[PDB]
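> quick check, what structure comes out for this input:
(4 chains)
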Amino acid sequence: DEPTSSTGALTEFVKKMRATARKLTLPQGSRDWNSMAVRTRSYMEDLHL
Amino acid sequence: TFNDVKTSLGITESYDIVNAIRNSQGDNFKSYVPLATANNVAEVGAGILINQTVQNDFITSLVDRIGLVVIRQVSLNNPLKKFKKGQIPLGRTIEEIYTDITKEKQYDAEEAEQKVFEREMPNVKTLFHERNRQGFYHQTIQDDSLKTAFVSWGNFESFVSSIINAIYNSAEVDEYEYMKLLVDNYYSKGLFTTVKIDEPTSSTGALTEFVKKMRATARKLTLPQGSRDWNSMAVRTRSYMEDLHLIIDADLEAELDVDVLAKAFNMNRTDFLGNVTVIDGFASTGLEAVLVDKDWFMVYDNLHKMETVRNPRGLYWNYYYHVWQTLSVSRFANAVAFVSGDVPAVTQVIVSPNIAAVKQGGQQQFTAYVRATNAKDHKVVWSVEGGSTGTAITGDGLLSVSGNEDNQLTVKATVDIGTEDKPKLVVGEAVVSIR
Amino acid sequence: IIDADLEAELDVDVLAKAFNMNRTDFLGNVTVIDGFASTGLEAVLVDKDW
Amino acid sequence: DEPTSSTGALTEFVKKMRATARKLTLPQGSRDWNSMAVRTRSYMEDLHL
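Numbering: from 1, shown residues only, chains lettered A, B, ... in the order given. And now the structure:
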């Protein structure tokens, strides 16, 4: 919702972002979040924002 | 072996960045104007899919080569592995025995006079499990034809090993998936005690209500006096807080952290009780969360073998990784579902002494536990079938078997749902052997 | 003596979001139970001699 | 002067102040922070307010 517009948008940003970050590191892997639609998995220390 | 190899094969542009830069009016693309090879960088910024042969810019007839090959490897692992109970090397069926508690009797020495040796069996319930998964993974490696795609053994070899690694990853992924299947399965059969919840996420009020219901439930599950209300077997039992596992998912824990834990100061008063292990959600409609005992997961290994065979004629290897295992659920373990949306008025009628052996002409008491999802009253209609004249249930669970009975009996506990205009119902059931 | 459900209401909504929990806690002792039969009964406060 | 509507108008200057201060310390060192329009770079310990 574009943070700089209304407070709370930041909190929604944070939610979405943190949730996504979690998803990106789930042990079993996932086939989302990449342009090759391949199943993969990352690590938080290997993940940059 | 392809023609018309456009560089943007799978591209769905949102905008033409080249023209965006080209037409910068002092807007935010102006910082790329100082760049010189930006257009070329952009052209293949995301890499390419179909390799197109590229000739050397100086010689032209001389062709440019692949200078580096990077083989990437991912390790996938089953989160739920921690719930694996063990390994069964032989034999098939697994049996659980749960000795339940009993009904006290009113004191009366006048009856005791004659009933000293009256005997009474313990309320013991049992549950069986069978080996279920027996799948395998199949990969083919044409390791002679593959030689043409490499120029070194390091690359060739590591590639091959990657394929095998993929087999193991496959196993981990699917094992995980099967365990989720058990949850959705058990749910689909109406075997969880359903906590109806307002849909979480949609509001912080809903989220909060969810949390309250969660902690309250977790509390109930561990109370000393025990409870029958969390078991499909309706046995009274007790869980330990450290043995409770709440699954939920990443979406939910994010909201918990952001809306609740950052804004609270006394975190422990809102934290989820027991252990929490997020996953990728559940597929059952509305199944938002599952709270179960660590011993709910009846999971045992039965077989893990990789065998191979080469096809002379075809010059290739087949890899067969067999994975057998017992995947089940203990109905003696406490199990709770948090379900959004609408649920049935009653999800399950549990009739007790499932297996009886009434002496012909005798009788048997059947209790019943109606898993209501609400505070409404639900009268139970008892019914007996498969028997003959004089065999009937009086209601309130008392089965009266006729002296001439000889057929296996079915005892039912019907709970009506809705109006008589195509009324619905749930049937609990127990069976009786006639001695 | 309190139904776990009510206990949680306090816990989550009130004890959290407070700097001085001692101004919101329940007076007397608290014994959490599975609940009570009879519509509307949430918690019971009694003297030890009850 | 104008933070924008939606709460905000209590930290609007705080955010701009801190943001700007960070911009002057970006490693790549931008222009637009000095009257000579030169690429340059400041350090937090060298900034004064």
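> residue A:18 versus the residue in chain A that chain C sits nearest to, what's the distance?
Going by Cβ to the nearest Cβ, chain C is nearest to residue A:11 of chain A, at 16.2 Å. C-beta: built from backbone N, CA, C; applies to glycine. Using Cβ to Cβ, to the nearest Å, we find residue A:11 at a distance of 10 Å from residue A:18.
> please identify every residue contacting each of the two.
By the contact definition Cβ atoms under 8 Å, 6 or more residues apart in numbering or on different chains, residue A:11 and residue A:18 are jointly contacted by residue B:258.
> returning to what we had before: the particular helix or strand that has the residue of chain A closest to chain C in it and chain D in contact?
Using DSSP states H and E, residue A:11 falls within helix A:9-24. No. Helix A:9-24 stays clear of chain D (Cβ under 8 Å from any Cβ of the partner chain), getting no nearer than 8.6 Å.
> that helix close to chain B?
Yes. For helix A:9-24, a contact with chain B is found by Cβ under 8 Å from any Cβ, at A:11, A:14, A:15, A:16, A:18, A:19, A:22, A:23.
> chain neighbours aside, what residue packs nearest to the fifth one?
The one in question is residue A:18. residue B:254 (4.8 Å; Cβ to Cβ, 6 or more residues apart in numbering or on different chains).
> list the contacts for that neighbour?
Residue B:254 neighbours (Cβ under 8 Å, 6+ apart): A:15, A:16, A:18, A:19, A:22.
> try it again at 6 Å.
Contacts for residue B:254 (Cβ atoms under 6 Å, 6 or more residues apart in numbering or on different chains) come out as A:15, A:18, A:19.
> out of the residues you listed, which comes closest to chain B?
residue A:19 (3.6 Å).
> quick check: that closest one vs chain D, distance?
Computed as Cβ to the nearest Cβ, to the nearest Å, the residue A:19 to chain D distance reads 24 Å.
> closest to the centroid, which residue in chain A?
residue A:20 (2.5 Å; Cα atoms, centre = their mean).
> and it, how far is that from chain D?
For residue A:20, the distance to chain D equals 24 Å [Cβ to the nearest Cβ].
> likewise residue A:23?
On the measure of Cβ to the nearest Cβ, residue A:23 and chain D end up 29 Å apart.
> please apply the same query to residue A:29.
35 Å.
> same check, this time on residue A:30
Noted for residue A:30: a distance of 34 Å to chain D, by Cβ to the nearest Cβ.
> that residue bridge partners, please.
residue A:40 (DSSP bridges).
> tell me the secondary structure at residue A:35.
Assigned with DSSP: H, G, I helix; E, B strand; the rest coil, residue A:35 falls in the coil class.
> in chain A, what residue comes closest to chain D?
residue A:6 (3.8 Å).
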